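>
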Ligand SMILES: NC(=O)c1ccc[n+]([C@@H]2O[C@H](COP(=O)([O-])OP(=O)(O)OC[C@H]3O[C@@H](n4cnc5c(N)ncnc54)[C@H](O)[C@@H]3O)[C@@H](O)[C@H]2O)c1
Ligand SMILES: NC(=O)c1ccc[n+]([C@@H]2O[C@H](COP(=O)([O-])OP(=O)(O)OC[C@H]3O[C@@H](n4cnc5c(N)ncnc54)[C@H](O)[C@@H]3O)[C@@H](O)[C@H]2O)c1
Ligand SMILES: NC(=O)c1ccc[n+]([C@@H]2O[C@H](COP(=O)([O-])OP(=O)(O)OC[C@H]3O[C@@H](n4cnc5c(N)ncnc54)[C@H](O)[C@@H]3O)[C@@H](O)[C@H]2O)c1
Ligand SMILES: NC(=O)c1ccc[n+]([C@@H]2O[C@H](COP(=O)([O-])OP(=O)(O)OC[C@H]3O[C@@H](n4cnc5c(N)ncnc54)[C@H](O)[C@@H]3O)[C@@H](O)[C@H]2O)c1
Ligand SMILES: [Cl-]
Ligand SMILES: [Cl-]
Ligand SMILES: [Cl-]
Ligand SMILES: [Cl-]
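Chains as they are written, first to last, in the entry's author numbering: chain I, 3 to 274; chain J, 3 to 274; chain A, 3 to 274; chain B, 3 to 274.
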């Protein structure tokens, strides 16, 4: 377990997919990595080659070469393909290379078994990586060092926010930050529909819906306030806001969102 | 005649409130205005005076003086106080000065009647002005010019996004972008409570909830995609996301949000 | 595994039922097959004799002879009868003949085991085959070739649309395209009942209901748009459409249809 | 009242919109008339010019000229613009010219008052005009003749189906065939979501959903059967279909669609 050179390490992606692309772009954009320090290899899809090459990244001809040339290897294939991919690469997965998985639903215990060592970090990002606003969580394998963690924190800091948590929380994380964006997509559409139902033009209703949600979440992120206090701040006496909030409460809105997180988390567990 | 000099105009706030402060800070930060080009007056509050003075803004002793010294006058008092305030200032409200109201629920027909002329713009911003992420909409009085509009765009573009709409849409705008942030504060708290119900630590649950909402709304704002399509992009077959979405649909989640916007809009009309 | 001659192959139906009749009529109508290239046999209903004979198709006296004279054999008996039928014919089911099942709920693993070889394609069509608007899906056995697939694509393309999917999706397919037509028959009656409730004559209400459904689905099939975008296109501000849509959303309409598909898919699995 | 020559009349569109374009294309496609017998004029956008010119239709410079050159004039501007457009053209609206409105929500009494005569036909088409599957209904003004009606039937027969009804039914028509497509778009999306919830790939689920609806509506339109008979035909005993239909019936699916039509029809009346 030699420390990974924090300022000069090379990064490899196994699986040149959307998430790999988002991470690469973020890391380049933030200056955490240069394109020359990133490698990947292309599978069945040739559309992908151009996506990486156009960022200045070298696309190699095999996964094996990506691993050989990389200090840090990110596995970003679909979860059901990961075990076979790791097993095939295993002879190259020496302990001087930090391994990372972004695969949804694959536990650290399994990752470590497959690779044959514990210098492994699991991350669960989410779809907003594409715009640099991912909610990501990492868990550390048994031999991942504090410096390894910092390196991954910096890397995933370049596509959003990143927190640390024990692996046993990941089903619930998956139901909240992994699946949650869809809940909000429904909400944005419904808010827009609501605006139209109240007489707004569609384009304006949808623009307002998206920015309202963006603004409110920015307030929650930056204000240092409890969401209840934020709600209190905007509910003027007898006003329009409390009229709307009351309709939400009549319908058990909060409990419906709780139900969605719980059901998604339970599904995550069932798929394990 | 008498276009307002786009690069040198002076701006006055009548009502040195939170919203006035947010607009002033934004305009300064963006370089649209310098502090020396902004004036306000404080009705009673010492705390308010230090808030403006600490960003370099001169606090005068009367509303009358703010009006005299300003090319553009923003009325940012509470709506129930606005009529008397405008009536008292009326002799000073000459047609060479562009007037702006941010007052919730006050229609353009009334603003113009109170002032005695039609060189008036109404804006409805929202609470996210504080973090530069307002959703704002403007409507033009009968003598507001295109250059007047541009000036107001630039100004409210400094604190979020700004759109234009007919005054008749404003009750619905109020129920959507004005009131919507509370609906999202509920959502954020509920999502966090869900995460805790699913076994997450509270701090992590809340951090994830807020950033999940922020990221999803950023995807909606940047992607160019319909929210349906964004939901399609994240609902993998038989996966955790579609499980959660299905719970939301069982409960009529979308309709509840529609209800809230509709109720808030109807409250707006009733108050008007 | 000799290629089936694409332009001259003969087709045999085992089970001279309604589905067989719809496939035969389609294939003849489209010019994919001529009647002289199609054979079937009755076992114990001679009324079926006249239905094939009247479209110019020869009706043989035994299933055995249909098989001998055919390059492609379609099994269109009731599912609970299929195994014994295939077992009886087995000595004649040589690998030069492509086998096809349209039997609901019978998996490829079983088809192949019964026949003793893997040159087998499963199709799940639906009721709209009768009017050349089936939604069909095919899965390929282990020895079905790409050319076999193309042949079956062209055949079932004559009674509607035909997609390819893995056999493991067929319970869900059965709940959606197999059972879905009933959901829409309910919808059509309900829309007609709604029109009558709103004061329309029954004959007009039913005509409008059916054609409204037809037109909307044709839009969805041709437009290249997401259904949400299509909904957005027709929901004018504060207008009649959004008022109707809002009543759907209040009631959880979407979730009810999701429930139906999920229940039907589960039932399919249980009947497995 | 001079008959409009049936085989040589010229047709003018006032408002070179989407619906005008659909009608023009349909009529040219079906051979009802040649492009040389059609005229329109262009307003705010010159993008429209090319849409008409590219099908061989002459685009004139004024509404006035379109009217002068046309025996049959179709008004296809947005409803809120129609009154002023008709009043401006009124001196040219001589009784030898058959007038037609496709405007949503504009009653025959008003049309006739604006034009100053009763040789007017109202049509309510729907969004599926774009694919030639409109559900349309016409009503006759007090001086519209049987031959005028036949001419308009033939014309609107080119973009779908066309029925006749008294003007007093048009609110309800609007809530059913006018607004109904959105109810079906919801249904298509929800069906697809259901498929996905049951484990289907999204692309397949959406393809199946759309074609399932199309095919069921085609069965309703062509079979001659009551929808209840059609539902009986596919609900095999104890099978997947009846399981899904039972879930719909548990939830009051039929009533929800009735509610949508009734609400949309009431809204139509309220707007009128
Ligand atoms: N996309 C997201 O928003 C998101 C969020 C959280 C987690 N994840 C995880 O990220 C991973 C990928 O997600 P995606 O959306 O990037 O998938 P994707 O399908 O875009 O990329 C997958 C890539 O892997 C390639 N591949 C397949 N087999 C391979 C092999 N044997 N060797 C090398 N490459 C191979 C595929 O060709 C494809 O390019 C998954 O594990 C998913 O759970 C994604
Ligand atoms: N704050 C928001 O998020 C938000 C959003 C949309 C619209 N608005 C509109 O902004 C306006 C102000 O909102 P706020 O939240 O800034 O109010 P605020 O109460 O923080 O500040 C209002 C100021 O007006 C001062 N005032 C009272 N009487 C006065 C007078 N006669 N002359 C001069 N000043 C006087 C008060 O002392 C106070 O400082 C309201 O009309 C509100 O509807 C605010
Ligand atoms: N009908 C549809 O719309 C539809 C839709 C999807 C799938 N399918 C599948 O199509 C198949 C046939 O459906 P149908 O509706 O045509 O049935 P059907 O009953 O009309 O025809 C079945 C025929 O098989 C004959 N038969 C019974 N035992 C036989 C044997 N041993 N040898 C030869 N013929 C025999 C019967 O006399 C009957 O004529 C079924 O497996 C069904 O699941 C039908
Ligand atoms: N589009 C549909 O599916 C549908 C369905 C039912 C009824 N309708 C009715 O059809 C009519 C048009 O619908 P659309 O969707 O075609 O509208 P659209 O906006 O595409 O076309 C309207 C056209 O009118 C033009 N216009 C504006 N002012 C004008 C003027 N003074 N003189 C001439 N042209 C002018 C606009 O530039 C635009 O090109 C509306 O009345 C609508 O209710 C449409
Ligand atoms: Cl409020
Ligand atoms: Cl998922
Ligand atoms: Cl509408
Ligand atoms: Cl069934």
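We put the beta carbon where it would ideally sit given N, CA and C, even for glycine.
What three-state label does DSSP hand residue 39 of chain J in the structure shown?
helix
> Measuring only the C-alpha atoms, how far is residue 59 of chain J from residue 42 of chain J?
8 Å
> For residue 229 of chain B, tell me which candidate among A:187, A:46, A:223 and A:220 has the shortest Cα-Cα distance.
A:187
> Any heavy atom of ligand 1 within a distance shorter than 6 Å of the CB on residue 83 of chain I?
yes
> Identify the continuous beta strand (DSSP E) that holds residue 164 of chain I and give its terminal residues.
162-166
> Between the segment 215-239 of chain J and chain B, which residues of the former have CB atoms less than 9 Å from a CB of the latter, in chain order?
Listed in sequence order: 230, 233, 234, 235, 237, 238 and 239.
> For the beta strand (DSSP E) that contains residue 123 of chain B, what are its first and last residues?
122-126
> Taking one C-beta from the segment 206-218 of chain B and one from the segment 245-264 of chain J each time, how about it: are there three or more such pairs within less than 8 Å?
no
> Can you pull the chain J residues whose beta carbon is under 7 Å from the beta carbon of residue 203 of chain B, in chain order?
239
> When the Cα of residue 17 of chain B is compared with those of B:6, B:253, B:66 and B:10, which residue comes out closest?
B:66
> Between I:202, I:83 and I:114, which lies nearest to residue 96 of chain I when the distance is taken from Cα to Cα?
I:114
> Straight-line CA distance for residue 132 of chain B to residue 269 of chain B?
25 Å
> Name the chain A residues that come within less than 7 Å of residue 198 of chain I, Cβ to Cβ?
237, 239 and 244
> Restricting to Cα atoms, I'd like to know which of I:3, I:252, I:180 and I:11 is closest to residue 72 of chain I.
I:11
> Any heavy atom of ligand 3 closer than 6 Å to the beta-carbon of residue 152 of chain A?
no
> Taking only beta-carbon positions, decide if residue 260 of chain A is within less than 7 Å of chain B.
Taking a beta-carbon distance threshold of 7 Å, residue 260 of chain A counts as an interface residue toward chain B.
> For residue 204 of chain A and residue 236 of chain I, what's the separation of their Cα atoms in angstroms?
Spanning the two alpha carbons is a distance of roughly 51 Å.
> Is it the case that the Cβ atoms of residue 181 of chain B and residue 246 of chain A are separated by a distance below 7 Å?
yes
> Taking 7 Å as the CB-CB cut-off, is residue 172 of chain A touching chain B?
no
> Between the segment 163-183 of chain J and the segment 134-147 of chain I, do three or more beta carbon pairs fall short of 8 Å?
no
> So within the segment 223-261 of chain J, which uninterrupted alpha helix (DSSP H) runs reach at least 4 residues, ignoring any that extend past its ends?
229-236 and 242-252
> Which bits of chain B does residue 263 of chain J rub up against, with CB to CB less than 8 Å?
By Cβ distance, chain B contributes nothing, its closest Cβ being about 17 Å from residue 263 of chain J, past 8 Å.
> Suppose only complete runs of 4+ residues qualify. What are the alpha helix (DSSP H) ranges in the segment 70-119 of chain J, listed by chain order?
81-91 and 110-117
> Cβ-heavy atom distance between residue 214 of chain A and ligand 7 below 6 Å?
no
> Along the chain, where does the alpha helix (DSSP H) that runs through residue 198 of chain B open and close?
Residue 198 of chain B -> alpha helix (DSSP H) spans 182-199.
> Residues of chain A with CB closer than 8 Å to the CB of residue 191 of chain I, please, in chain order.
The contacting residues are 230.
> My understanding is that residue 27 of chain J touches residue 6 of chain J, with C-beta atoms under 8 Å, so please give their C-beta distance in whole angstroms.
With a Cβ gap of about 21 Å, residue 27 of chain J and residue 6 of chain J do not count as contacting.
> Apart from the five residues just before and just after residue 153 of chain J, which ones in its own chain have a Cβ nearer than 8 Å to its Cβ?
6, 8, 11, 74 and 100
> I need the DSSP call for residue 138 of chain J, collapsed to helix, strand or coil.
When DSSP states are grouped into helix, strand and coil, residue 138 of chain J belongs to the strand group.
> Taking 6 Å as the cut-off, is the beta-carbon of residue 124 of chain A closer than that to any non-hydrogen atom of ligand 3?
no
> Can you find a heavy atom of ligand 2 that lies under 6 Å from the Cβ of residue 275 of chain J?
In the structure as shown, chain J starts at 3 and stops at 274, and residue 275 of chain J therefore has no counterpart that could be examined.
> Go ahead and pull the three-state DSSP assignment for residue 144 of chain B.
coil
> Does DSSP put residue 154 of chain A in a helix, in a strand, or in coil?
helix
> Return yes when the C-beta of residue 176 of chain B is under 6 Å from any heavy atom of ligand 7, and no when it is not.
It does not: the Cβ of residue 176 of chain B is nowhere closer than 6 Å to a heavy atom of ligand 7.
> So, helix, strand or coil for residue 28 of chain B, using DSSP?
helix
> With which residues is residue 15 of chain B paired in a DSSP beta bridge?
B:42 and B:76
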